[PDB]
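Enquirer: Mapped onto the entry's author numbering, the consecutive letters of the sequence shown carry residue numbers 146 to 419, 440 to 535. Think of the CB as a built atom: it goes at the ideal place given N, C-alpha and C, for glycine as much as any other residue. Below are the structure tokens for one structure; questions will follow.
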Amino acid sequence: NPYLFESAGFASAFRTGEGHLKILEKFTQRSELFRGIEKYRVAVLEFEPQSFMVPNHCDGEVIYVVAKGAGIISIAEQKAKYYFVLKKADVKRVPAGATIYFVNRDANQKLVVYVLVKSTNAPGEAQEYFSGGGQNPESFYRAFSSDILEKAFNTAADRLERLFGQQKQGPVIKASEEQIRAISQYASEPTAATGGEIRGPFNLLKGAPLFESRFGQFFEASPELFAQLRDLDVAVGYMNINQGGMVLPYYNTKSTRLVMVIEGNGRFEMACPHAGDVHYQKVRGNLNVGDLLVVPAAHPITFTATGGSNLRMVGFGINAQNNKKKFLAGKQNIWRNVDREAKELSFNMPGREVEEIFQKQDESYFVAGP
Ligand SMILES: O=C(O)c1ccccc1O
Ligand SMILES: [Cl-]
Ligand SMILES: [Cu+]
Ligand code: NA
């Protein structure tokens with residue numbers, strides 16, 4: 146099964162006592178089937194209580210989704226400073242090359258963010274550039290010659306050796322309660338909101354889901370409605386399947402989805418046709454917290470919640486503009502927009518009987534699972 150990337154298969158670019166980054170392999174290293182998603186990476190960042198990330202920029206465009214906890218993100222640009230508060234299920238776009246850091250200000254709970262990265266240059270390559278730090282993480286200022294740094298900073302070499310030579314604790318480090326309180330104060334300060342500014346986070350569970358029943362909900366932030374997604378042609382979806390529920394089988398017309406488990410457990414089945442006559446392989450598996458599943462566009466799929474909790478999933482939708490979900494069963498489904506004769510011809514069954522079978526399910530979207 147090339148579609149399922151267990152959390153264990155993720156690579157760990159850094160790990161400290163205060164945090165870690167896990168990132169998926171370039172999808173094209175797994176399979177040539179993934180040439181369509183070559184520009185994209187998925188990562189998980191975790192911060193321990195009272196932690197701070199050394200300032201750095203990512204060369205890729207980034208979307209962060211808060212999976213667990215609470216915190217702050219700050220952004221330092223040439224001509225602007227931002228602070229935003231991050232809560233569970235908030236989503237935040239960070240422009241490529243923006244210098245950022247995070248703070249987990251909570252004393253007890255980890256802050257866990259799931260990350261989509263879209264490359265701009267070579268497909269799928271993603272790198273952090275530590276402006277902060279010194280020895281570990283290595284600051285990029287150490288790449289420049291001393292004669293250059295001295296002129297640039299108008300300072301003697303010995304002050305610069307001290308400046309870039311004392312950080313050794315790695316990319317995520319402890320911050321004191323007091324340091325945190327002071328950053329919290331700077332973050333709560335009112336600013337002048339301009340046009341052209343980086344936009345703050347939006348809650349994915351805000352307002353009305355795109356569809357629901359008693360057994361689940363699908364929320365989505367589409368690129369049509371969110372300018373900070375529009376230029377990447379990305380949608381962010383949130384699937385909340387009630388304990389013991391399922392989503393009815395469906396396909397996305399246009400948009401391949403990179404699906405990460407937030408909470409709970411489940412399983413899935415997908416149909417995949419990837440000259441003799443077309444055959445659809447059964448792609449099947451289980452899902453745990455932190456797993457990634459690639460759901461290619463046009464592929465029929467169902468997710469089943471298993472265990473004693475809801476199955477909660479976030480999906481990064483690519484090529485998302487005008488995407489729709491075609492449901493394959495339930496009251497509201499594609500066959501409602503097919504007339505009798507075509508049902509009859511299609512299944513070689515008298516048409517009224519096809520209608521009867523297709524209308525037995527009075528519920529839509531989500532139902533009691535097997
Ligand atoms: O949009 C999807 O098909 C999807 C599926 C599972 C989880 C989140 C999602 O956005
Ligand atoms: Cl017939
Ligand atoms: Cu396929
Ligand atoms: Na017929």
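Give me the Cα-Cα distance between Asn-498 and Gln-330, rounded to the nearest whole angstrom.
Expert: Cα to Cα, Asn-498 sits roughly 51 Å from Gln-330.
Enquirer: Just to check, is the beta-carbon of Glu-191 closer than 7 Å to a non-hydrogen atom of ligand 4?
Expert: Answer for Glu-191: no, Cβ out of range of ligand 4.
Enquirer: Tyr-259: buried (16+ other C-beta within 10 angstroms of its C-beta) or exposed?
Expert: So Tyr-259 counts as buried.
Enquirer: Whose C-alpha, out of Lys-184, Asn-249, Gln-314 and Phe-172, is nearest the C-alpha of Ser-284?
Expert: Measuring from the Cα of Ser-284, the nearest candidate turns out to be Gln-314.
Enquirer: Assess, as a yes-or-no matter, whether the region 314 to 323 is touched by the region 285 to 298 under the definition of 3 or more beta carbon pairs within less than 8 Å.
Expert: No, the region 285 to 298 does not touch the region 314 to 323.
Enquirer: Is any heavy atom in ligand 2 found nearer than 7 Å to the beta carbon of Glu-520?
Expert: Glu-520: no, Cβ never under 7 Å from ligand 2.
Enquirer: Looking at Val-459: is its Cβ nearer than 8 Å to the Cβ of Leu-403?
Expert: Against a cut-off of 8 Å, the Cβ pair of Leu-403 and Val-459 comes out as a contact.
Enquirer: Expressed to the nearest angstrom, what Euclidean distance is found between the alpha-carbon atoms of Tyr-185 and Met-514?
Expert: About 45 Å.
Enquirer: For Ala-252 and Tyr-209, I'd like the C-alpha separation in whole angstroms.
Expert: Approximately 22 Å, taken between the alpha carbons.
Enquirer: Do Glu-369 and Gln-486 come within 8 Å of each other at the CB atom, strictly closer than that value?
Expert: It is a contact, given that the beta carbons lie within the stated cut-off.
Enquirer: Can you check whether the CB of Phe-192 is closer than 8 Å to the CB of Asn-249?
Expert: A contact, by the Cβ cut-off of 8 Å.
Enquirer: Going along the chain, which residues of its own chain have a beta-carbon closer than 6 Å to the beta-carbon of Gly-441, five neighbours each way excluded?
Expert: Same-chain partners within the cutoff: there are none.
Enquirer: Are the beta-carbon atoms of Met-415 and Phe-531 separated by less than 8 Å?
Expert: Against a cut-off of 8 Å, the Cβ pair of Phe-531 and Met-415 comes out as no contact.
Enquirer: So if I measure from each beta-carbon to every heavy atom of ligand 3 and keep distances below 6 Å, which residues remain?
Expert: This selection yields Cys-417, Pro-418, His-419, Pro-461 and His-464.
Enquirer: Would you mind giving the Cβ-Cβ distance between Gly-495 and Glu-528, rounded to the nearest angstrom? I have them listed as a contact below 8 Å.
Expert: Correct: roughly 6 Å between the Cβ atoms.
Enquirer: Take the Cβ of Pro-335 as the centre, count every other Cβ of all protein chains shown within 10 Å, and call the residue buried at 16 or more, exposed below.
Expert: That one is exposed.
Enquirer: Going by DSSP, name the residue or residues bridged to residue 537.
Expert: Nothing can be reported for residue 537: it is not among the residues displayed for the chain, which extend from 146 to 535.
Enquirer: Excluding five sequence neighbours on each side, which residues of the same chain lie with their C-beta closer than 6 Å to the C-beta of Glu-342?
Expert: Nothing listed; no residue qualifies.
Enquirer: For my contact list, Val-406 and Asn-385 are in at a C-beta cut-off of 8 Å; report their separation, rounded to the angstrom.
Expert: Not a contact, Cβ separation roughly 12 Å.
Enquirer: Would you call the CB atoms of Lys-490 and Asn-397 closer than 8 Å?
Expert: In contact: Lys-490 and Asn-397 (Cβ atoms closer than 8 Å).
Enquirer: When the Cα of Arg-375 is compared with those of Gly-472, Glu-506 and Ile-483, which residue comes out closest?
Expert: The residue with the shortest Cα to Cα distance from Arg-375 is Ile-483.
Enquirer: Given a cut-off of 8 Å, decide if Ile-217 and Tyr-228 are closer than it, judged by their beta-carbon atoms.
Expert: Contact flag set, yes.
Enquirer: Can you pull the DSSP bridge partners for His-165?
Expert: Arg-160 and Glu-191.
Enquirer: Run through the DSSP bridge pairs and tell me what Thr-469 is partnered with.
Expert: Its beta-bridge partners are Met-391 and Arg-412.
Enquirer: So if DSSP puts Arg-449 in a beta bridge, which residue, or which two residues, is it bridged to?
Expert: According to DSSP, which records beta bridges pairwise, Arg-449 is partnered with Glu-414.
Enquirer: Please classify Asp-292 as buried or exposed, where buried requires at least 16 other C-beta atoms within 10 Å of its C-beta.
Expert: Exposed, by the Cβ-count rule.
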